[PDB]
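Below you'll find only one chain, the form deposited in one PDB entry, shown as structure tokens.
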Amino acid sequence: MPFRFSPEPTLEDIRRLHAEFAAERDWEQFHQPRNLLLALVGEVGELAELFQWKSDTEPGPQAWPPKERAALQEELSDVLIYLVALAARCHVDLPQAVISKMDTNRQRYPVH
């Protein structure tokens, strides 16, 4: 069966949800660009932890046990959340930036 993502939330949805979440807690002050970047590095660390001891031969993440799948979902999400937060705090239009980068990626690697 095809794997797909759910159609929502969108990146804008996530931006808004996170901005609201921060604003309700008066956390704007903690969400400066370098704080968010360091938090992002922390989350990439947590994501790496999930993979660090995995052998080549053992089951891959598509087949990980329930607890490990939950962890993987959560850390992938933490990374995305801070990345969205950081892009928003820098006034970067992340969806349109990705389109531009994908276009550049196509040029740098022609199908050839």
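One rule holds for the numbers: they count along the sequence shown, beginning at 1. Whichever C-alpha set is largest while still superposing within 1.5 Å between the two forms counts as the rigid core.
For the pair 84 to 92 and 14 to 22, the mean Cα B-factor is higher in 14 to 22.
Mean CA temperature factor is higher for 23 to 31 when stretches 69 to 77 and 23 to 31 are set side by side in the entry. Annotation for residue 52: CA B-factor lies in the lowest third of the chain's modelled residues.
A second form of this protein, the form deposited in another entry, is not displayed here; the remarks below concern that form.
Superposition on the rigid core between the shown form and the other one places the CA atom of residue 29 2 Å or more away from its counterpart. In a rigid-core overlay of the protein, residue 63 has its C-alpha displaced by at least 2 Å between the shown form and the other one. By 3 Å or more, the C-alpha separation between residue 14 and residue 28 grows in the other form relative to the form shown here. Note: residue 77-residue 30 Cα separation is 3 Å or more shorter in the other form than here.
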